[PDB]
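A.B. asks:
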Amino acid sequence: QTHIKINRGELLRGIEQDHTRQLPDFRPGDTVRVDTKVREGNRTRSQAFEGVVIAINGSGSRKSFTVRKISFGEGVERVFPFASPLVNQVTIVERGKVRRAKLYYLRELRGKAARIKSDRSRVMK
RNA sequence: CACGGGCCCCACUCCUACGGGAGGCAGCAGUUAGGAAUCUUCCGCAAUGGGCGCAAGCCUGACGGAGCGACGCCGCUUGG
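Numbers 2 to 126, taken from PDB author numbering, label the letters of the first sequence in order.
1) Select from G76, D31, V53 the residue whose C-alpha is nearest the C-alpha of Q90.
2) For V77, which three-state DSSP category applies?
3) Mind checking whether the beta-carbon of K118 lies closer than 6 angstroms to any heavy atom of the ligand COA?
4) Distance check for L104 and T21, CA to CA, integer angstroms please.
5) Quick one, which of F73, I71, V94, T67 has its alpha-carbon nearest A84's?
6) Beta-carbon within less than 6 angstroms of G97's beta-carbon, same chain only, minus the 5 sequence neighbours each way: which residues are those?
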């Protein structure tokens with residue numbers, strides 16, 4: 002039982018943001034020559050900067066944000082929706098006037114690599 | 001139609017501060033090694049040659065040979 006006549010949601014949206022402190026980046030801009038990079042773990046620390054060379058794309062909804070809309074090619078595909086909400090990662094990058102496909106996720110394509118898949122999305126067929 | 005210049009693709013010596021790169025020198029030669037075979041990381045850079053600024057001049061692993069080999073053959077000696 003937790004329903005009567007009171008609006009308590011400043012924990013669900015207050016205490017929620019009581020811990021935040023960030024203006025992400027928020028650029029869905031695809032195909033960038035360089036970007037953010039996780040702090041890694043492994044040894045004691047040895048906080049390295051070479052997670053994944055993303056194209057940057059996506060958004061999400063609150064403390065979750067399926068960030069990665071990248072994967073690669075040496076390993077077929079391979080996405081792994083990382084957590085936008087974290088205090089252990091490099092503070093992003095942004096570049097590219099971007100010919101934007103659909104933004105956010107896609108799932109399709111992602112196998113139609115070949116060659117002409119640089120930073121565009123229209124095609125004649 | 002680029003000898004070591006480069007772009008692209010595959011095997012891949014090796015280092016990295018994890019983005020990544022400089023990629024084969026069967027040219028004289030070497031190390032190793034496939035193995036019947038093919039010397040030594042050679043000598044002078046006198047002397048032949050190759051390219052130019054007037055030219056000297058430098059560079060030059062081409063050269064004269066050193067030299068690995070009874071490696072094939074030519075000539076000689078192991079007393080009359």
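Backbone N, C-alpha and C define an ideal beta-carbon position, used for all residues, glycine too.
C.D. replies: If we stick to the structure as given:
1) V53
2) coil
3) This structure does not include the ligand COA; it has no bound ligands of any sort.
4) 24 angstroms
5) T67
6) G30, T32, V33
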